[PDB]
There are 4 protein chains.
Amino acid sequence: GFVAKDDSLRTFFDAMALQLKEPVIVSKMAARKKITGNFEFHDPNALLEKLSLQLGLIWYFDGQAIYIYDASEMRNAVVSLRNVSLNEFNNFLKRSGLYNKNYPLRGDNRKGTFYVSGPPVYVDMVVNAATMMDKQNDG
Amino acid sequence: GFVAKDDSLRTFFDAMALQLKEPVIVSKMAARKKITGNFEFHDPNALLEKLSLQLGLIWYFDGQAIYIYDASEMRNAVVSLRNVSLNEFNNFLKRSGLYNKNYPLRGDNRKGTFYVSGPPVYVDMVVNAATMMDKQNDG
Amino acid sequence: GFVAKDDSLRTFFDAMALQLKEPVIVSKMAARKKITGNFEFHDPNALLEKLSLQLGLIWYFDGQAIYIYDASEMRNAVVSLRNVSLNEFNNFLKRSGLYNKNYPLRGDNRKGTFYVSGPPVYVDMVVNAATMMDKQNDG
Amino acid sequence: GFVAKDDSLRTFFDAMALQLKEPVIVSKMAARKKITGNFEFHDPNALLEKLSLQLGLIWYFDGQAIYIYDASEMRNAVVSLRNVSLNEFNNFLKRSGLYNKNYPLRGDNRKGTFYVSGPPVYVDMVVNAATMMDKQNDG
């Protein structure tokens, strides 16, 4: 695996990227911080979720690459959904493979809106998809 | 065949291109990465699909040349199909020889749209063809 | 005939042109590539079709000169034919001596269009002729 | 006659012009090519048709001068003939002395058009005459 001794997170996630196929893109904000410890590379994704609790990093795999950001870079959005059922759009993203259970969407079956919270690429994916799906049924 | 010892992918795919008739065009992003290993050239296409799992490369043969890109260069598109049946257009591309089973199109027989995902030339081919076929029946 | 020993295709097709009456015009893209082997000049046209399988060259004789291009220079076009039967225009070109069986036209007797594929001069000849014939019956 | 030993076609046709009354005008494209062989000047016109098969030269005598061009300089045209019968205009040119049996016009008695093919002066003569004759009966 890898023993980090005050090494940058970028160095650390590059060492993790050596065990991965897809590219790993670490934000500048995360790259500036350092990490120390003996980290077994049996499951790089478990390290990513581990540092959500240890350092406060968030990430999203979009199917082609792993984006790693600081949790303070997390984006929030308010998205109305007039022509699509809130449960229907949730299933749509789950069916699409875009939805991420680590960053749940905050809907309300008594209202016509929902909230998006997550890393910048996760938020952009949900919000763009929501726009597409609502306007698609607009007629 | 060819024994790669930290050689660029461009070098590697040029060595594969020596066994091929058509030109092989490797993206700059792929050309910058390197490859190591003993690769038998009994089937260059099997090496191309192999590196979809080993390195994360995608490709498309358009009938005249082989385009090789990084999987992160993969393009996505949202294409409506109002005047052509989704199954009819799928068969059209399969009949045309444009459709590629390695990059399936994502249709839905309960909706009037479908999604395109693949390397930049595969996406452009499907999307341009979709535009042609829909507008063609627009009247 | 001619023994090519790493000679340019232009040199090679010039040696073939010595046995021909009409001029042979080789593209720059083809001229840049080289060729090796003992080539009997008993039938220059058989060498031209041979290199469609060996090197991946395409060509067209327009009645006055032989155009030689790389297969990657091949052009494609989408041509509607509203006022002329698809079989009638096929026969027209066959009757005209413009049609080339090495580069078949892709029609469909259930539709009002057809596709053109071939070297740049073959495509331009079919497409210009198609325009002429359709507009000719437009009234 | 004249024994050509790698002499320009212009030199060669100048030697033929010495046996002719009318001037002989050779294109620059033809003038640049050379010719070798023992050519009897018993019939300069037979040499002109001979080189249509040997070198690929085309020519036209317009009554006042002999124009000699390369066959690749051959022009083609599409000419409609609305107010004159296709056979009537053919006879007109045959009667006029403009028509040349070495470069037949391509008519169709089931259509209202015909095609012109020949050296630049032959094509211009037929096409200008066609314009004259059609517009002449336009009323």
# chains A, B, ... in the order shown; residues from 1 in each chain; ligands from 1
$ interface_residues --of "chain C" --to "chain D" --cutoff "7 Å" --atoms "only C-alpha atoms" --output "mmCIF file with N, CA, C and O atoms, in the first residue's frame"
data_model
loop_
_atom_site.group_PDB
_atom_site.id
_atom_site.type_symbol
_atom_site.label_atom_id
_atom_site.label_comp_id
_atom_site.auth_asym_id
_atom_site.auth_seq_id
_atom_site.Cartn_x
_atom_site.Cartn_y
_atom_site.Cartn_z
ATOM 1 N N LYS C 21 -1.760 5.914 -70.858
ATOM 2 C CA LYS C 21 -1.973 7.062 -71.718
ATOM 3 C C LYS C 21 -2.352 8.292 -70.876
ATOM 4 O O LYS C 21 -1.642 9.321 -70.887
ATOM 5 N N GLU C 22 -3.457 8.165 -70.139
ATOM 6 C CA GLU C 22 -3.953 9.239 -69.280
ATOM 7 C C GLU C 22 -3.070 9.642 -68.115
ATOM 8 O O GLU C 22 -2.362 8.812 -67.594
ATOM 9 N N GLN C 64 -10.852 10.707 -68.188
ATOM 10 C CA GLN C 64 -9.713 11.480 -68.698
ATOM 11 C C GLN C 64 -8.450 11.345 -67.862
ATOM 12 O O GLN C 64 -7.381 11.580 -68.351
ATOM 13 N N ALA C 65 -8.570 11.059 -66.579
ATOM 14 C CA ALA C 65 -7.407 10.935 -65.715
ATOM 15 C C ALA C 65 -7.683 10.041 -64.505
ATOM 16 O O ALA C 65 -8.826 9.912 -64.059
#
$ select_by_dssp --residues "chain D" --states "strand (DSSP E)" --output "PyMOL selection string"
chain D and resi 2-8+24-26+34-39+57-61+66-70+75-80+106-107+113-118
$ atom_distance --atom1 "atom CA of residue A:42" --atom2 "atom CA of residue A:119"
24.6 Å
$ residues_around --residues "residue A:116" --least-positions-apart "5" --cutoff "8 Å" --atoms "only C-alpha atoms" --output "JSON, numbers by chain"
{"A": [76, 77, 78, 79, 104, 105, 106, 123, 126, 127]}
$ residues_around --residues "stretch 88-95 of chain A" --least-positions-apart "5" --cutoff "9 Å" --atoms "only C-alpha atoms" --output "number ranges by chain"
A: 81, 100, 105, 107, 126, 129-130, 133
$ closest_residue --among "D:83, D:109, D:39, D:117" --to "residue D:135" --atoms "only C-alpha atoms"
D:83
$ residues_around --residues "residue C:36" --least-positions-apart "6" --cutoff "7 Å" --atoms "only C-alpha atoms" --output "list in words"
residues 4, 5, 6 and 7 of chain C
$ select_by_dssp --residues "chain D" --states "helix (DSSP H, G or I)" --output "ChimeraX atom specification"
/D:9-17,28-31,44-54,71-73,86-96,120-136
$ atom_distance --atom1 "atom CA of residue C:67" --atom2 "atom CA of residue C:96"
18.7 Å
$ residues_around --residues "residue C:45" --least-positions-apart "2" --cutoff "10 Å" --atoms "only C-alpha atoms" --output "ChimeraX atom specification"
/C:16,41-43,47-51,59,61,66
$ atom_distance --atom1 "atom CA of residue B:136" --atom2 "atom CA of residue A:137"
23.7 Å
$ closest_residue --among "D:85, D:19, D:11, D:27" --to "residue D:111" --atoms "only C-alpha atoms"
D:85
